[PDB]
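Every chain is numbered from 1 and lettered A, B, ... according to where its sequence line falls, protein lines coming before strand lines.
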Amino acid sequence: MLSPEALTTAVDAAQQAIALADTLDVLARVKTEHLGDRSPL
RNA sequence: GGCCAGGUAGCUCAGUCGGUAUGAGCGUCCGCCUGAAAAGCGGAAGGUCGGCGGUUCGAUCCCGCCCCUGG
């Protein structure tokens, strides 16, 4: 699960959803899913 | 003077001498529910753990000065 290849796939969907965040409210949700305490990272 | 105890979520406070503060109660949001609510049940959001530095792959947790609280 640690695999740096699978690790890179996590930062991919993060920055992708971050770049696809159009509003500040969507970002706060995106930050929760990709940077919060329950995020895969 | 030099040593102590404290600073932690919106409020009142626990807790940790390195990888989750599974933080609590209340406060906020969603669902079931109701004409609409609340409780109840179920699901979530939110803290840069007092500031600035030092070490470490990584410090609320280990080192130094200071901000301010009763000692």
Peer 1: Applying side-chain contact (heavy atoms from CB on, under 4.5 Å), name anything that partners A/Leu41, two or more places apart in sequence or on another chain.
Peer 2: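 By the side-chain contact (heavy atoms from CB on, under 4.5 Å) rule, A/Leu41 matches A/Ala10, A/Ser39.
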
Peer 1: From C1'-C2'-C3'-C4' alone, north or south for the sugar of B/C68?
Peer 2: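 B/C68 falls in the south pucker range.
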
Peer 1: For A/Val11, give me all partners under side-chain contact (heavy atoms from CB on, under 4.5 Å), at least two apart in sequence or on another chain.
Peer 2: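 For A/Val11, the residues satisfying side-chain contact (heavy atoms from CB on, under 4.5 Å) (neighbours in sequence not counted) are A/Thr8, A/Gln15.
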
Peer 1: Can you pull out the residues from residues 28-41 of chain A that lie within a 4.0 Å heavy-atom distance of RNA chain B?
Peer 2: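 RNA chain B contact set from residues 28-41 of chain A: A/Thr32, A/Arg38.
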
Peer 1: My understanding is that a hydrophobic cluster links ILVMFWY residues whose side chain heavy atoms are under 4.5 Å apart, including indirect links. Using that, what else belongs to the cluster containing A/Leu27?
Peer 2: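 So far as hydrophobic clustering goes, A/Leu27 is joined with A/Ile18, A/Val26, A/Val30, A/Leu35.
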
Peer 1: Using the heavy-atom set of chain A and a strict 4.0 Å cut-off, write down the first and last nucleotide of RNA chain B that makes it in, 5' to 3'.
Peer 2: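 Span of nucleotides near chain A: B/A44 to B/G46.
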
Peer 1: Could you check which nucleotide pairs with B/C33 in any of the strands shown, counting Watson-Crick or G-U wobble with both distances under 3.5 Å?
Peer 2: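 Per the H-bond distance test, none.
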
Peer 1: Determine the interatomic distance between P on B/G46 and the same-named atom on B/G58; round to the nearest Å.
Peer 2: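 Per the computed distance, 26 Å lies between those P atoms.
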
Peer 1: Are B/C13 and B/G23 base-paired in the Watson-Crick or G-U wobble sense, both distances less than 3.5 Å?
Peer 2: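 Answer is yes for this nucleotide pair.
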
Peer 1: Does the structure show a Watson-Crick or G-U wobble partner for B/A59, both distances under 3.5 Å? Name it, or say none.
Peer 2: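 Matched B/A59 with nothing under the 3.5 Å cut-off.
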
Peer 1: Would you mind calling the pucker of B/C49 north or south from its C1'-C2'-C3'-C4' torsion?
Peer 2: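 Sugar pucker of B/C49 - south, given that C1'-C2'-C3'-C4' is below zero.
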
Peer 1: Supply the atom-to-atom distance A/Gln16 CD to A/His34 NE2, rounded to the nearest 0.5 angstrom.
Peer 2: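 If I round to the nearest 0.5 Å, the distance is 10.0 Å.
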
Peer 1: Using the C1'-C2'-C3'-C4' torsion, which pucker class fits B/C61: north or south?
Peer 2: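 South (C2'-endo side).
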
Peer 1: Sugar at B/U20: north or south, per the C1'-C2'-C3'-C4' sign?
Peer 2: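 Pucker of B/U20: south.
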
Peer 1: Pick the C1' atom in B/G23 and in B/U60, then give their distance to the nearest Å.
Peer 2: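 B/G23 and B/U60 have their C1' atoms separated by 13 Å.
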
Peer 1: With both distances required to be under 3.5 Å, indicate if B/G46 and B/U56 make a Watson-Crick or G-U pair.
Peer 2: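 No, neither Watson-Crick nor G-U wobble.
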
Peer 1: If you take any heavy atom closer than 4.0 Å to RNA chain B, which residues from residues 7-27 of chain A end up in contact?
Peer 2: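 By residue number: none to list.
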
Peer 1: Tell me, please, if B/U55 and B/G47 meet the Watson-Crick or G-U wobble pairing rule with both distances under 3.5 Å?
Peer 2: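 WC or G-U pairing between B/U55 and B/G47: no.
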
Peer 1: Rounded to whole angstrom, note down the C1' distance from B/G7 over to B/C61.
Peer 2: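 After rounding to an integer number of Å, I get 15 Å for this pair.
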
Peer 1: May I ask whether B/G64 and B/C52 qualify as a Watson-Crick or G-U wobble pair, both distances being under 3.5 Å?
Peer 2: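 Yes, a Watson-Crick or G-U wobble pair.
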
Peer 1: Say we look at B/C29 and B/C68: how far apart would their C1' atoms be, to the nearest angstrom?
Peer 2: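 B/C29 and B/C68 have their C1' atoms separated by 35 Å.
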
Peer 1: Is B/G10 stacked on its strand neighbour B/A9 by the under 5.5 Å, under 30° ring test?
Peer 2: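 No, six-membered rings of the two bases do not stack.
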
Peer 1: For the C1' atoms, the ones on B/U22 and on B/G15, what distance do you get once it is rounded to whole angstrom?
Peer 2: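 The same atom, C1', in both gives a distance of 13 Å.
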
Peer 1: Count the heavy atoms belonging to other residues, nucleotides or ligands that lie under 6.0 Å from CG of A/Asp25, then report whether that count exceeds 12.
Peer 2: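 Not buried by this count: 12 neighbours or fewer within 6.0 Å.
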
Peer 1: Taking atom P in both B/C66 and B/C57, compute the distance separating them and give it to the nearest angstrom.
Peer 2: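 These two P atoms come out 30 Å apart once rounded.
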
Peer 1: Roughly how many Å apart are B/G70 and B/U28, using the P atom of each and rounding to a whole number?
Peer 2: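 To the nearest whole Å, 33 Å.
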
Peer 1: According to the Watson-Crick and G-U wobble definitions, with both distances under 3.5 Å, which nucleotide is paired to B/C26?
Peer 2: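 In the structure as shown, B/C26 has B/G10 as its Watson-Crick or wobble partner.
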
Peer 1: Decide between north and south for B/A9, the convention being positive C1'-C2'-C3'-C4' for north and negative for south.
Peer 2: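 South.
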
Peer 1: Who does B/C17 pair with, Watson-Crick or G-U, both distances under 3.5 Å?
Peer 2: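 Result: none.
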
Peer 1: Could you tell me the Watson-Crick or G-U partner of B/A5, where both distances fall under 3.5 Å? Say none if there is no partner.
Peer 2: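 WC or wobble partner is B/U69.
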
Peer 1: With no hydrogens and no angle check, is any side-chain donor or acceptor of A/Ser3 less than 3.5 Å from a backbone partner on A/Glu5?
Peer 2: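 Here the side-chain-to-backbone pair does not exist.
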
Peer 1: Tell me every residue that passes side-chain contact (heavy atoms from CB on, under 4.5 Å) with A/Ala19, counting only those two or more places apart in sequence or in another chain.
Peer 2: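 Partners of A/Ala19 under the side-chain contact (heavy atoms from CB on, under 4.5 Å) test: none.
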
